[PDB]
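One chain comes next, on its own, written as structure tokens: the form deposited in one PDB entry.
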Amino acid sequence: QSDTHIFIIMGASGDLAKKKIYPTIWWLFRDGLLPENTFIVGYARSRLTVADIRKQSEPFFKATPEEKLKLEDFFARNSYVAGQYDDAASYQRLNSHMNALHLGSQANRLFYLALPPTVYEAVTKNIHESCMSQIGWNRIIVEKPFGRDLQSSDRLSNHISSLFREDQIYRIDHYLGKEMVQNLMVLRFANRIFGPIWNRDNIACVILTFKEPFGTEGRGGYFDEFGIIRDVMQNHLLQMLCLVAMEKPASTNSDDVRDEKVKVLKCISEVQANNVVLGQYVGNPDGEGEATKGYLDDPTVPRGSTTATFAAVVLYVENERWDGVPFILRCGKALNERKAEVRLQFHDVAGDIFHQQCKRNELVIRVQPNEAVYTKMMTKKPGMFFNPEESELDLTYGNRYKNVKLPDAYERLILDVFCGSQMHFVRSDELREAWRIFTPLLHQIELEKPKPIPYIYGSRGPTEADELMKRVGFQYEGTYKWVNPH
């Protein structure tokens, strides 16, 4: 478009703006992906100049010498307004500043809230009252947390919705910006090989996994307030569940997609303790550096905290496609690897003619690291043998698409806000369902304070988690052997 566009970084002085938002909007700018007439306005409490923003942020830009002119033009299009987050006069100054930009009263305005949630309500109120374009569109970009339970999320939502239409609100769940998460829809709905088997007649279980190999890294006191279910399970994992489970949408229009996601969540009952395993990591005495330290060995964590650093939970989608199929959500810190993954395990073939030698087929979508899709399946054992053995059909992006840069999630998502595409942003009704599913459990945990099961730093987590997975119908043999073909 030829319209002026203004990108307002609310909280421009903070760490997140410095290390992530300023570098992302630079990358989009550098790559020629933004509108020609774009300006960037920082707003925060400190009395900073553009030269200070540049000094703090440009080390994270990965700028090259050849980009020097583009960089000069980028900083020429930047400005900074000092102000407080609930001061009417400050927002007035911000509005006037924006009006003074080239066609500024006409401009489309995008507000990125690079702020803590304790100022969300004051910032949204003030933007609405003072800084909205009367001609351009107005879009607000908000990051987690969105409440900490159903009642607290409803309060924020009801505040924002009283001021902003759903088509002005862009709630980030950054998994929705990742390459292979966005692929889930194409894989499922562009292919006949995945279509007729994607149902309860063929699928024994679905496993949605998020593992990190580091602990809390001295920042445990922050984590301790919310825990792993609020951090990862209620948002990122549940989003992956929705994209795995959803019926095929009427179109790829933003709200046809998000309608199908909500429809999935509305069929999920509130999870109970029965289907939950919680863990907390302890130090590995045979380990090195951080790995010798448990969760309670972080001095910012409250003494005797029972906060879980690991959760496995089983949900069920109560509908025709999914009736009975367990969806296992599993996540933890200080585990054996970094990995996020979707895995479908297929049922056994009926009418076995291979004398119980066959294993269940599996489809794996590995989100990170090392983006890949593969199907574990049976082939005749190569050479002079007749017995089936497990093998796979593989697609690895690092080998197949060596030269192709995959954008960071924040690159993709910020660009989507410019384009007005809400497909990959969390809708108000979707948010509410997510909290409805998990709030009873979260409240029970806060009330009864169950003691999480210790697991050692660097392990796969508590063995009770594997037991839960087996109980609900996941089969593990440990016979599959993969050799990296390179």
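Don't overthink the numbering: it's just position in the shown sequence, from 1. Take the two forms, superpose them, and find the largest set of C-alpha atoms that agree within 1.5 Å; that set is the rigid core.
Omitted from view is the form deposited in another entry, to which the following refers.
Following superposition on the rigid core between the shown form and the other one, the residue from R109, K261, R171, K178 with a C-alpha displacement of 2 angstroms or more is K178, and no other. Core-superposed comparison between the shown form and the other one: the Cα of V404 travels 2 Å or more. In the core-superposed comparison between the shown form and the other one, the C-alpha atom of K380 has shifted by at least 2 angstroms. Superposition of the core reveals a Cα shift of less than 2 Å for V81 between the shown form and the other one. In summary, the C-alpha positions of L363 and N403 converge in the other form, ending up at least 3 angstroms nearer each other than in this conformation.
Cα-Cα spacing of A340 to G177 is reduced in the other form versus the present form (difference of at least 3 Å).
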